[PDB]
Number of protein chains: 2
Amino acid sequence: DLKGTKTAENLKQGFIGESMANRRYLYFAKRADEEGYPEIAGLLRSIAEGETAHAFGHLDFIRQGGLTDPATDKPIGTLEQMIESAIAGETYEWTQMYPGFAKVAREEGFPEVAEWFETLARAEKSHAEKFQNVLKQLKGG
Amino acid sequence: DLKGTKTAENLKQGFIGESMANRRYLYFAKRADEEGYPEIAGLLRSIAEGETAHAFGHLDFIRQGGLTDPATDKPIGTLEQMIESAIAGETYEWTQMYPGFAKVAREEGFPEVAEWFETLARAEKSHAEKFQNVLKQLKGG
Ligand SMILES: [Cl-]
Ligand SMILES: [Cl-]
C-alpha cells in the first residue's frame, strides 16, 4: 500500500540522506586521520556504521513495499533486478550524465573538473560492462 | 570561481549519486552473499570502492572551490567545520525530519514504518550529541 504515498517519498529521501551521511563522515574521518585525531576518526567511522544500518533499513522497507530503487526508479526485489538497476544507472552515468557534466565544466572554464568528469564517464562505462557480465552469469543459471 | 555555476550543482549531484551507488551496491552484495554468489558479491564490493573514490573526489573539488556540504549547505573546509556540518544535519534529522516522517507514516497507516522513523530520530539525537562532544574537544585545543 506504500506506492504513491508521502511515506514512500520519505523512505526514498531518508535513503539519500543516510547514504550521504556515511560518505561525509568517512571523508571527515580521513581529515581527522591526517591531523592526528584518532579517537574522533574512530567515532566518525562507528557513527558511519549507524548510517549504513539506517540506509539499509530504508531499502528494506522500499523493497517490502514494492517501491523502486531511489537512484534509478527500477525494481530491486530480486538479485537479477538489483543488477538490472545497477546497469540502468551506470548506462545513464557513462553515456549521458558525466559526459554532459564534462561539457558544461569545459563551457564554464573548469578544465580540471571536466577531466575528472571524463575520468568518471570512462570508469562508469567499465562498471556498466562488469554488471552486464554479472547479469549474463545470473541469466545463464 | 565555482560558486553559483552549473558545475557546482553538478559536483553536488555527482556526490549524491555516488553516495547512493556505494550503499546500493553493498546492499545488493548482501543479497548475493545470502544466495551464494560470492564472486558477484566480491565484484559488487570492489565496484563500491570505486564509488567511494568518486564521491570523495567530488567532495575534494567542492571544498577546493569553497562550495558547501551537499547535505547541509555548511562549509567543510576545516575539521571543525566538518563537525559543525555533521551537527547541523543531525539536529535537523532528529528534531525535525524523522519526527515529521514518523507522524506522516502514522497518518497514512504505516505504523511499522513510523516506529522505524522514531527509532532513527532517537539514533540521530545520539549522533548529534556525540558530534557536539567532538566539537567541544576540538575547540578546547
Ligand atoms: Cl582524538
Ligand atoms: Cl558467484
# chains A, B, ... in the order shown; residues from 1 in each chain; ligands from 1
$ residues_near_ligand --ligand "ligand 1" --cutoff "12 Å" --atoms "only C-alpha atoms and all ligand atoms" --output "list in words"
residues 29, 31, 32, 33, 34, 35, 36, 37, 38, 39, 40, 41, 42, 43 and 44 of chain A; 79, 133, 134, 135, 136, 137, 138 and 141 of chain B
$ residues_around --residues "segment 7-19 of chain B" --least-positions-apart "4" --cutoff "7 Å" --atoms "only C-alpha atoms" --output "number ranges by chain"
A: 19-20, 23, 101, 104-105; B: 2-3, 23, 51, 54-55, 58-59, 62, 70
$ closest_residue --among "B:30, B:45, B:65, B:127" --to "chain A" --atoms "only C-alpha atoms"
B:127
$ residues_around --residues "residue 69 of chain B" --least-positions-apart "5" --cutoff "9 Å" --atoms "only C-alpha atoms" --output "list in words"
residues 24 of chain A; 12, 59, 62, 63, 74, 75, 76, 82 and 85 of chain B
$ write_last_selection --atoms "N, CA and C atoms" --output "CSV table (one decimal), in the first residue's frame"
chain,number,residue,atom,x,y,z
A,24,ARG,N,30.0,11.3,3.9
A,24,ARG,CA,30.5,12.5,4.5
A,24,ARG,C,31.4,12.1,5.7
B,12,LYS,N,27.7,18.6,-6.8
B,12,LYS,CA,26.8,18.2,-5.7
B,12,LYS,C,25.9,17.0,-6.1
B,59,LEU,N,33.8,15.6,-3.4
B,59,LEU,CA,33.9,16.4,-2.2
B,59,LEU,C,35.3,17.2,-2.2
B,62,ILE,N,34.5,20.2,-4.4
B,62,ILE,CA,33.6,21.0,-3.6
B,62,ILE,C,34.3,21.9,-2.6
B,63,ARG,N,35.2,21.2,-1.8
B,63,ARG,CA,36.0,22.0,-0.9
B,63,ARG,C,37.0,23.0,-1.6
B,74,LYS,N,26.5,23.8,4.6
B,74,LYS,CA,27.5,24.4,5.6
B,74,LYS,C,28.9,24.2,5.0
B,75,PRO,N,29.9,25.0,5.3
B,75,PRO,CA,31.2,24.9,4.8
B,75,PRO,C,31.9,23.6,5.4
B,76,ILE,N,32.8,23.0,4.7
B,76,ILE,CA,33.5,21.8,5.2
B,76,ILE,C,35.0,21.9,4.8
B,82,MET,N,33.7,20.6,9.4
B,82,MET,CA,33.1,19.3,9.1
B,82,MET,C,32.2,18.8,10.2
B,85,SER,N,29.1,20.8,10.4
B,85,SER,CA,28.2,20.3,9.3
B,85,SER,C,27.4,19.1,9.8
$ decode --residues "chain A" --atoms "C-alpha atoms" --output "PDB file, in the first residue's frame"
ATOM      1  CA  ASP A   1       0.000   0.000   0.000  1.00  0.00           C
ATOM      2  CA  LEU A   2       3.119   2.310   0.089  1.00  0.00           C
ATOM      3  CA  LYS A   3       3.127   3.159  -3.666  1.00  0.00           C
ATOM      4  CA  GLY A   4       2.215   6.855  -4.304  1.00  0.00           C
ATOM      5  CA  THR A   5       2.234   7.830  -0.582  1.00  0.00           C
ATOM      6  CA  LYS A   6       4.199  10.570   1.151  1.00  0.00           C
ATOM      7  CA  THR A   7       5.805   7.797   3.261  1.00  0.00           C
ATOM      8  CA  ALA A   8       7.191   6.224   0.041  1.00  0.00           C
ATOM      9  CA  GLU A   9       8.789   9.622  -0.781  1.00  0.00           C
ATOM     10  CA  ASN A  10      10.137   9.945   2.760  1.00  0.00           C
ATOM     11  CA  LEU A  11      11.768   6.480   2.675  1.00  0.00           C
ATOM     12  CA  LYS A  12      13.497   7.481  -0.585  1.00  0.00           C
ATOM     13  CA  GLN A  13      14.668  10.822   0.873  1.00  0.00           C
ATOM     14  CA  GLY A  14      15.805   9.052   4.027  1.00  0.00           C
ATOM     15  CA  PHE A  15      17.872   6.656   1.921  1.00  0.00           C
ATOM     16  CA  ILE A  16      19.525   9.553   0.051  1.00  0.00           C
ATOM     17  CA  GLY A  17      20.429  11.390   3.234  1.00  0.00           C
ATOM     18  CA  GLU A  18      21.727   8.333   5.097  1.00  0.00           C
ATOM     19  CA  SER A  19      23.822   7.438   2.046  1.00  0.00           C
ATOM     20  CA  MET A  20      25.412  10.886   2.002  1.00  0.00           C
ATOM     21  CA  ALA A  21      25.931  10.847   5.789  1.00  0.00           C
ATOM     22  CA  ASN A  22      28.031   7.671   5.603  1.00  0.00           C
ATOM     23  CA  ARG A  23      30.176   9.113   2.805  1.00  0.00           C
ATOM     24  CA  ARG A  24      30.531  12.505   4.530  1.00  0.00           C
ATOM     25  CA  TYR A  25      31.501  11.031   7.895  1.00  0.00           C
ATOM     26  CA  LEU A  26      34.123   8.746   6.345  1.00  0.00           C
ATOM     27  CA  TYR A  27      35.538  11.707   4.393  1.00  0.00           C
ATOM     28  CA  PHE A  28      35.676  13.717   7.631  1.00  0.00           C
ATOM     29  CA  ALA A  29      37.362  10.762   9.370  1.00  0.00           C
ATOM     30  CA  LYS A  30      40.189  10.847   6.776  1.00  0.00           C
ATOM     31  CA  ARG A  31      40.808  14.509   7.684  1.00  0.00           C
ATOM     32  CA  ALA A  32      40.851  13.541  11.381  1.00  0.00           C
ATOM     33  CA  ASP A  33      43.315  10.764  10.470  1.00  0.00           C
ATOM     34  CA  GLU A  34      45.714  13.135   8.762  1.00  0.00           C
ATOM     35  CA  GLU A  35      45.605  15.760  11.506  1.00  0.00           C
ATOM     36  CA  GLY A  36      46.092  13.238  14.346  1.00  0.00           C
ATOM     37  CA  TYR A  37      42.665  12.806  15.940  1.00  0.00           C
ATOM     38  CA  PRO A  38      42.331   9.002  16.055  1.00  0.00           C
ATOM     39  CA  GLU A  39      39.566   8.888  18.664  1.00  0.00           C
ATOM     40  CA  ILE A  40      37.491  11.385  16.635  1.00  0.00           C
ATOM     41  CA  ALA A  41      38.206   9.386  13.475  1.00  0.00           C
ATOM     42  CA  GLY A  42      37.142   6.150  15.145  1.00  0.00           C
ATOM     43  CA  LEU A  43      33.921   7.696  16.447  1.00  0.00           C
ATOM     44  CA  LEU A  44      33.145   9.079  12.933  1.00  0.00           C
ATOM     45  CA  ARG A  45      33.675   5.594  11.475  1.00  0.00           C
ATOM     46  CA  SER A  46      31.416   4.000  14.084  1.00  0.00           C
ATOM     47  CA  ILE A  47      28.673   6.614  13.529  1.00  0.00           C
ATOM     48  CA  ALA A  48      29.037   5.864   9.796  1.00  0.00           C
ATOM     49  CA  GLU A  49      28.174   2.180  10.539  1.00  0.00           C
ATOM     50  CA  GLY A  50      24.958   3.503  12.082  1.00  0.00           C
ATOM     51  CA  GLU A  51      24.200   5.373   8.874  1.00  0.00           C
ATOM     52  CA  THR A  52      24.774   2.157   6.889  1.00  0.00           C
ATOM     53  CA  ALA A  53      22.221   0.380   9.082  1.00  0.00           C
ATOM     54  CA  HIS A  54      19.765   3.254   8.594  1.00  0.00           C
ATOM     55  CA  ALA A  55      20.221   3.316   4.796  1.00  0.00           C
ATOM     56  CA  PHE A  56      19.822  -0.450   4.510  1.00  0.00           C
ATOM     57  CA  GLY A  57      16.684  -0.391   6.671  1.00  0.00           C
ATOM     58  CA  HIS A  58      15.169   2.257   4.399  1.00  0.00           C
ATOM     59  CA  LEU A  59      15.937  -0.026   1.418  1.00  0.00           C
ATOM     60  CA  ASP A  60      14.335  -2.979   3.248  1.00  0.00           C
ATOM     61  CA  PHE A  61      11.042  -1.056   3.596  1.00  0.00           C
ATOM     62  CA  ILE A  62      11.315   0.208  -0.022  1.00  0.00           C
ATOM     63  CA  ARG A  63      11.547  -3.372  -1.268  1.00  0.00           C
ATOM     64  CA  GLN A  64       8.971  -4.808   1.208  1.00  0.00           C
ATOM     65  CA  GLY A  65       6.616  -2.141  -0.191  1.00  0.00           C
ATOM     66  CA  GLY A  66       7.325  -2.908  -3.882  1.00  0.00           C
ATOM     67  CA  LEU A  67       8.841   0.584  -4.262  1.00  0.00           C
ATOM     68  CA  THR A  68      11.667   1.189  -6.734  1.00  0.00           C
ATOM     69  CA  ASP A  69      15.346   1.958  -6.287  1.00  0.00           C
ATOM     70  CA  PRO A  70      15.771   5.627  -5.240  1.00  0.00           C
ATOM     71  CA  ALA A  71      18.614   6.044  -7.790  1.00  0.00           C
ATOM     72  CA  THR A  72      17.045   4.516 -10.917  1.00  0.00           C
ATOM     73  CA  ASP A  73      13.274   4.031 -10.377  1.00  0.00           C
ATOM     74  CA  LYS A  74      13.804   0.303 -11.256  1.00  0.00           C
ATOM     75  CA  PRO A  75      12.587  -2.602  -9.084  1.00  0.00           C
ATOM     76  CA  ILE A  76      15.098  -4.178  -6.663  1.00  0.00           C
ATOM     77  CA  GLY A  77      13.186  -7.227  -5.384  1.00  0.00           C
ATOM     78  CA  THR A  78      15.413  -9.974  -6.770  1.00  0.00           C
ATOM     79  CA  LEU A  79      19.175 -10.131  -7.244  1.00  0.00           C
ATOM     80  CA  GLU A  80      18.691 -10.052 -11.037  1.00  0.00           C
ATOM     81  CA  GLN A  81      16.528  -6.899 -10.619  1.00  0.00           C
ATOM     82  CA  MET A  82      19.247  -5.356  -8.423  1.00  0.00           C
ATOM     83  CA  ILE A  83      21.852  -5.950 -11.150  1.00  0.00           C
ATOM     84  CA  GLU A  84      19.461  -4.519 -13.778  1.00  0.00           C
ATOM     85  CA  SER A  85      19.099  -1.401 -11.590  1.00  0.00           C
ATOM     86  CA  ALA A  86      22.890  -1.101 -11.440  1.00  0.00           C
ATOM     87  CA  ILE A  87      23.146  -1.468 -15.247  1.00  0.00           C
ATOM     88  CA  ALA A  88      20.461   1.202 -15.836  1.00  0.00           C
ATOM     89  CA  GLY A  89      22.087   3.727 -13.520  1.00  0.00           C
ATOM     90  CA  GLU A  90      25.581   3.044 -14.877  1.00  0.00           C
ATOM     91  CA  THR A  91      24.445   3.349 -18.502  1.00  0.00           C
ATOM     92  CA  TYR A  92      22.854   6.730 -17.709  1.00  0.00           C
ATOM     93  CA  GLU A  93      26.004   7.934 -15.958  1.00  0.00           C
ATOM     94  CA  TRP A  94      28.614   6.894 -18.530  1.00  0.00           C
ATOM     95  CA  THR A  95      26.641   7.750 -21.678  1.00  0.00           C
ATOM     96  CA  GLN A  96      24.728  10.838 -20.537  1.00  0.00           C
ATOM     97  CA  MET A  97      25.356  12.313 -17.082  1.00  0.00           C
ATOM     98  CA  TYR A  98      29.148  12.528 -16.785  1.00  0.00           C
ATOM     99  CA  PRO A  99      29.693  13.485 -20.474  1.00  0.00           C
ATOM    100  CA  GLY A 100      27.186  16.301 -20.026  1.00  0.00           C
ATOM    101  CA  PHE A 101      28.797  17.436 -16.780  1.00  0.00           C
ATOM    102  CA  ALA A 102      32.239  17.434 -18.527  1.00  0.00           C
ATOM    103  CA  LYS A 103      30.944  19.510 -21.464  1.00  0.00           C
ATOM    104  CA  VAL A 104      29.384  22.097 -19.083  1.00  0.00           C
ATOM    105  CA  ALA A 105      32.574  22.211 -16.982  1.00  0.00           C
ATOM    106  CA  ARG A 106      34.584  22.977 -20.155  1.00  0.00           C
ATOM    107  CA  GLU A 107      31.946  25.635 -21.228  1.00  0.00           C
ATOM    108  CA  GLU A 108      32.204  27.299 -17.757  1.00  0.00           C
ATOM    109  CA  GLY A 109      36.072  27.319 -17.694  1.00  0.00           C
ATOM    110  CA  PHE A 110      36.777  24.435 -15.269  1.00  0.00           C
ATOM    111  CA  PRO A 111      39.052  22.130 -17.319  1.00  0.00           C
ATOM    112  CA  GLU A 112      40.389  20.138 -14.345  1.00  0.00           C
ATOM    113  CA  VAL A 113      36.826  19.441 -13.142  1.00  0.00           C
ATOM    114  CA  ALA A 114      35.960  18.467 -16.727  1.00  0.00           C
ATOM    115  CA  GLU A 115      38.848  15.949 -16.913  1.00  0.00           C
ATOM    116  CA  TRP A 116      37.591  14.454 -13.597  1.00  0.00           C
ATOM    117  CA  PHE A 117      34.109  14.041 -15.066  1.00  0.00           C
ATOM    118  CA  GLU A 118      35.629  12.455 -18.200  1.00  0.00           C
ATOM    119  CA  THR A 119      37.583  10.021 -15.976  1.00  0.00           C
ATOM    120  CA  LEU A 120      34.344   9.141 -14.220  1.00  0.00           C
ATOM    121  CA  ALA A 121      32.451   8.607 -17.506  1.00  0.00           C
ATOM    122  CA  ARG A 122      35.131   6.034 -18.535  1.00  0.00           C
ATOM    123  CA  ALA A 123      35.061   4.453 -15.067  1.00  0.00           C
ATOM    124  CA  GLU A 124      31.272   4.139 -15.061  1.00  0.00           C
ATOM    125  CA  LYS A 125      31.432   2.560 -18.537  1.00  0.00           C
ATOM    126  CA  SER A 126      33.698  -0.122 -17.094  1.00  0.00           C
ATOM    127  CA  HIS A 127      31.302  -0.611 -14.152  1.00  0.00           C
ATOM    128  CA  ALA A 128      28.376  -0.974 -16.585  1.00  0.00           C
ATOM    129  CA  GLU A 129      30.269  -3.686 -18.506  1.00  0.00           C
ATOM    130  CA  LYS A 130      31.077  -5.576 -15.321  1.00  0.00           C
ATOM    131  CA  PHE A 131      27.407  -5.522 -14.249  1.00  0.00           C
ATOM    132  CA  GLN A 132      26.320  -6.670 -17.754  1.00  0.00           C
ATOM    133  CA  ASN A 133      28.674  -9.656 -17.370  1.00  0.00           C
ATOM    134  CA  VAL A 134      27.081 -10.388 -13.896  1.00  0.00           C
ATOM    135  CA  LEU A 135      23.599 -10.355 -15.402  1.00  0.00           C
ATOM    136  CA  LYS A 136      24.704 -12.780 -18.138  1.00  0.00           C
ATOM    137  CA  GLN A 137      26.055 -15.106 -15.387  1.00  0.00           C
ATOM    138  CA  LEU A 138      22.755 -14.957 -13.441  1.00  0.00           C
ATOM    139  CA  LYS A 139      20.521 -15.441 -16.529  1.00  0.00           C
ATOM    140  CA  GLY A 140      22.672 -18.467 -17.605  1.00  0.00           C
ATOM    141  CA  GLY A 141      21.580 -20.196 -14.318  1.00  0.00           C
TER     142      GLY A 141
END
